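**Student:** Structure supplied as work.json; contents: JSON, C-alpha atoms.
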```json
[["chain", "number", "residue", "atom", "x", "y", "z"],
["A", 1, "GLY", "CA", -84.01, -171.60, -165.35],
["A", 2, "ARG", "CA", -80.84, -173.72, -165.62],
["A", 3, "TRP", "CA", -79.42, -175.30, -162.44],
["A", 4, "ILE", "CA", -81.01, -173.47, -159.49],
["A", 5, "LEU", "CA", -78.23, -172.11, -157.25],
["A", 6, "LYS", "CA", -78.04, -169.62, -154.35],
["A", 7, "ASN", "CA", -81.50, -168.97, -152.84],
["A", 8, "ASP", "CA", -84.40, -170.43, -154.86],
["A", 9, "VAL", "CA", -85.89, -167.35, -156.56],
["A", 10, "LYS", "CA", -88.98, -169.37, -157.55],
["A", 11, "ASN", "CA", -90.12, -169.98, -153.96],
["A", 12, "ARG", "CA", -89.29, -166.30, -153.30],
["A", 13, "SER", "CA", -91.29, -164.75, -156.16],
["A", 14, "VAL", "CA", -94.90, -163.54, -155.77],
["A", 15, "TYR", "CA", -97.37, -161.76, -158.08],
["A", 16, "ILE", "CA", -100.35, -159.57, -157.10],
["A", 17, "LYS", "CA", -103.24, -158.52, -159.38],
["A", 18, "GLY", "CA", -105.99, -155.97, -158.64],
["A", 19, "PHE", "CA", -103.86, -152.97, -157.59],
["A", 20, "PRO", "CA", -105.28, -149.49, -158.17],
["A", 21, "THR", "CA", -105.13, -147.91, -161.65],
["A", 22, "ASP", "CA", -102.01, -146.08, -160.42],
["A", 23, "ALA", "CA", -100.27, -148.71, -158.27],
["A", 24, "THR", "CA", -96.98, -146.78, -158.40],
["A", 25, "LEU", "CA", -93.92, -147.90, -156.41],
["A", 26, "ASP", "CA", -95.07, -145.68, -153.51],
["A", 27, "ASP", "CA", -98.67, -146.96, -153.66],
["A", 28, "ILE", "CA", -97.67, -150.62, -154.11],
["A", 29, "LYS", "CA", -95.01, -150.35, -151.37],
["A", 30, "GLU", "CA", -97.59, -148.74, -149.07],
["A", 31, "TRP", "CA", -99.83, -151.84, -149.05],
["A", 32, "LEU", "CA", -96.84, -154.19, -148.62],
["A", 33, "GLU", "CA", -95.31, -152.17, -145.75],
["A", 34, "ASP", "CA", -98.64, -152.63, -143.93],
["A", 35, "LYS", "CA", -98.58, -156.39, -144.58],
["A", 36, "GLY", "CA", -95.60, -158.56, -145.60],
["A", 37, "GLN", "CA", -92.24, -156.92, -146.41],
["A", 38, "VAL", "CA", -90.78, -157.35, -149.92],
["A", 39, "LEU", "CA", -87.08, -156.83, -150.72],
["A", 40, "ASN", "CA", -87.70, -156.56, -154.48],
["A", 41, "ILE", "CA", -90.85, -155.60, -156.41],
["A", 42, "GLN", "CA", -91.31, -155.46, -160.21],
["A", 43, "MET", "CA", -94.08, -153.21, -161.58],
["A", 44, "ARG", "CA", -95.94, -154.84, -164.50],
["A", 45, "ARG", "CA", -97.07, -152.18, -167.02],
["A", 46, "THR", "CA", -98.67, -152.30, -170.49],
["A", 47, "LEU", "CA", -98.85, -150.07, -173.60],
["A", 48, "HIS", "CA", -100.56, -146.70, -172.96],
["A", 49, "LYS", "CA", -103.58, -148.05, -174.86],
["A", 50, "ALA", "CA", -103.11, -151.21, -172.82],
["A", 51, "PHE", "CA", -104.56, -152.03, -169.37],
["A", 52, "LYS", "CA", -102.33, -153.83, -166.84],
["A", 53, "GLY", "CA", -102.03, -152.93, -163.13],
["A", 54, "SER", "CA", -99.91, -155.97, -162.19],
["A", 55, "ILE", "CA", -96.80, -155.97, -159.97],
["A", 56, "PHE", "CA", -94.44, -158.78, -158.91],
["A", 57, "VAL", "CA", -93.24, -158.77, -155.28],
["A", 58, "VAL", "CA", -90.33, -160.79, -153.84],
["A", 59, "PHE", "CA", -90.22, -161.26, -150.05],
["A", 60, "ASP", "CA", -86.84, -161.22, -148.26],
["A", 61, "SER", "CA", -87.46, -164.63, -146.65],
["A", 62, "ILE", "CA", -88.65, -167.64, -148.69],
["A", 63, "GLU", "CA", -90.61, -169.04, -145.72],
["A", 64, "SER", "CA", -92.40, -165.68, -145.34],
["A", 65, "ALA", "CA", -93.35, -165.68, -149.04],
["A", 66, "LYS", "CA", -95.07, -169.09, -148.81],
["A", 67, "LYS", "CA", -96.99, -168.13, -145.64],
["A", 68, "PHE", "CA", -98.50, -165.17, -147.53],
["A", 69, "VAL", "CA", -99.79, -167.37, -150.37],
["A", 70, "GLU", "CA", -100.89, -170.16, -148.00],
["A", 71, "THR", "CA", -103.12, -167.56, -146.30],
["A", 72, "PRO", "CA", -106.87, -167.74, -146.91],
["A", 73, "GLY", "CA", -108.22, -165.57, -149.75],
["A", 74, "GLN", "CA", -106.96, -162.05, -148.98],
["A", 75, "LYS", "CA", -108.65, -159.11, -150.76],
["A", 76, "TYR", "CA", -108.00, -155.40, -150.13],
["A", 77, "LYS", "CA", -111.09, -153.16, -149.83],
["A", 78, "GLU", "CA", -111.43, -150.11, -152.11],
["A", 79, "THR", "CA", -109.12, -151.51, -154.81],
["A", 80, "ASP", "CA", -109.64, -155.28, -155.14],
["A", 81, "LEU", "CA", -106.22, -156.66, -154.13],
["A", 82, "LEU", "CA", -105.57, -160.30, -155.11],
["A", 83, "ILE", "CA", -102.37, -162.18, -154.18],
["A", 84, "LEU", "CA", -101.25, -164.86, -156.66],
["A", 85, "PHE", "CA", -98.20, -167.16, -156.46],
["A", 86, "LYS", "CA", -95.76, -167.86, -159.31],
["A", 87, "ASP", "CA", -96.41, -171.63, -159.40],
["A", 88, "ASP", "CA", -100.16, -170.96, -159.66],
["A", 89, "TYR", "CA", -99.84, -168.17, -162.25],
["A", 90, "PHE", "CA", -97.73, -170.44, -164.45],
["A", 91, "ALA", "CA", -100.32, -173.17, -163.83],
["A", 92, "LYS", "CA", -103.38, -171.00, -164.55],
["A", 93, "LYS", "CA", -101.50, -169.17, -167.34],
["A", 94, "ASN", "CA", -100.21, -172.15, -169.34],
["A", 95, "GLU", "CA", -103.29, -174.31, -168.72],
["A", 96, "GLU", "CA", -102.13, -177.91, -169.28],
["A", 97, "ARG", "CA", -102.79, -181.07, -167.23],
["A", 98, "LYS", "CA", -100.28, -183.95, -167.19],
["A", 99, "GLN", "CA", -101.07, -186.39, -164.35],
["A", 100, "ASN", "CA", -104.57, -187.88, -164.04],
["A", 101, "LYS", "CA", -106.94, -186.42, -161.41],
["A", 102, "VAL", "CA", -110.64, -185.70, -160.75],
["A", 103, "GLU", "CA", -111.15, -184.47, -164.34]]
```
Please express the file's structure as structure tokens.

**Tutor:**
Amino acid sequence: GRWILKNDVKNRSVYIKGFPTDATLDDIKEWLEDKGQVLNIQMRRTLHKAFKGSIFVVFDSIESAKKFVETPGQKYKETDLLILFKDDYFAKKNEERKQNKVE
């Protein structure tokens, strides 16, 4: 995270949670091919006695990645599919307010 050069990878990174218990590359790529195309996807796994099911997806165009997160709540039937952005994950993950606000 030192000196951002080339294409901003932050505005081009996306994370999705809720995939099936076997969201393999073929299964995860199947849902993306039918909605939003990703040029790079990282599968998040956890110890065998661990439960994960998370996968990071990076769209080819930065503008296309923001339009997917700016879309109203999008959930996939059968397996609950939830789309989360990197800025929000880091915000909901760290949990720390700095500037004043409603709270």

**Student:** Suppose you want the space between CA of residue 61 (chain A) and CA of residue 73 (chain A); what is it in Å?

**Tutor:**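 These atoms are spaced 21.0 Å apart.
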
**Student:** Counting all atoms listed in the file, which residues in region 25-92 of chain A sit no more than 6 Å from region 7-21 of chain A? For each one, give the nearest pair of atoms and the distance in Å, sorted by chain then residue number, as JSON lines.

**Tutor:**
```
{"residue": "A:53", "atom": "CA", "partner": "A:19", "partner_atom": "CA", "distance": 5.8}
{"residue": "A:54", "atom": "CA", "partner": "A:17", "partner_atom": "CA", "distance": 5.0}
{"residue": "A:55", "atom": "CA", "partner": "A:16", "partner_atom": "CA", "distance": 5.8}
{"residue": "A:56", "atom": "CA", "partner": "A:15", "partner_atom": "CA", "distance": 4.3}
{"residue": "A:57", "atom": "CA", "partner": "A:14", "partner_atom": "CA", "distance": 5.1}
{"residue": "A:58", "atom": "CA", "partner": "A:13", "partner_atom": "CA", "distance": 4.7}
{"residue": "A:62", "atom": "CA", "partner": "A:12", "partner_atom": "CA", "distance": 4.8}
{"residue": "A:65", "atom": "CA", "partner": "A:12", "partner_atom": "CA", "distance": 5.9}
{"residue": "A:79", "atom": "CA", "partner": "A:20", "partner_atom": "CA", "distance": 5.5}
{"residue": "A:80", "atom": "CA", "partner": "A:18", "partner_atom": "CA", "distance": 5.1}
{"residue": "A:81", "atom": "CA", "partner": "A:18", "partner_atom": "CA", "distance": 4.6}
{"residue": "A:82", "atom": "CA", "partner": "A:17", "partner_atom": "CA", "distance": 5.2}
{"residue": "A:83", "atom": "CA", "partner": "A:16", "partner_atom": "CA", "distance": 4.4}
{"residue": "A:84", "atom": "CA", "partner": "A:15", "partner_atom": "CA", "distance": 5.2}
{"residue": "A:85", "atom": "CA", "partner": "A:14", "partner_atom": "CA", "distance": 4.9}
{"residue": "A:86", "atom": "CA", "partner": "A:14", "partner_atom": "CA", "distance": 5.7}
```

**Student:** Kindly provide, as JSON, the centre and edge lengths (Å, one decimal) of an axis-aligned box around all atoms of region 45-51 of chain A given in the file, with 4 Å on each side.

**Tutor:**
```
{"center_x": -100.8, "center_y": -149.5, "center_z": -170.9, "size_x": 15.5, "size_y": 13.6, "size_z": 15.8}
```

**Student:** Counting all atoms listed in the file, what is within 8 Å of residue 60 (chain A), bar same-chain residues fewer than 3 positions away, as a ChimeraX atom specification?

**Tutor:** /A:12,37-40,64-65

**Student:** Between CA of residue 1 (chain A) and CA of residue 69 (chain A), what is the distance, to one decimal in Å?

**Tutor:** 22.2 Å

**Student:** May I ask for the distance between CA of residue 70 (chain A) and CA of residue 89 (chain A), given in Å to one decimal place?

**Tutor:**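 Value for the CA of residue 70 (chain A)-CA of residue 89 (chain A) distance: 14.4 Å.
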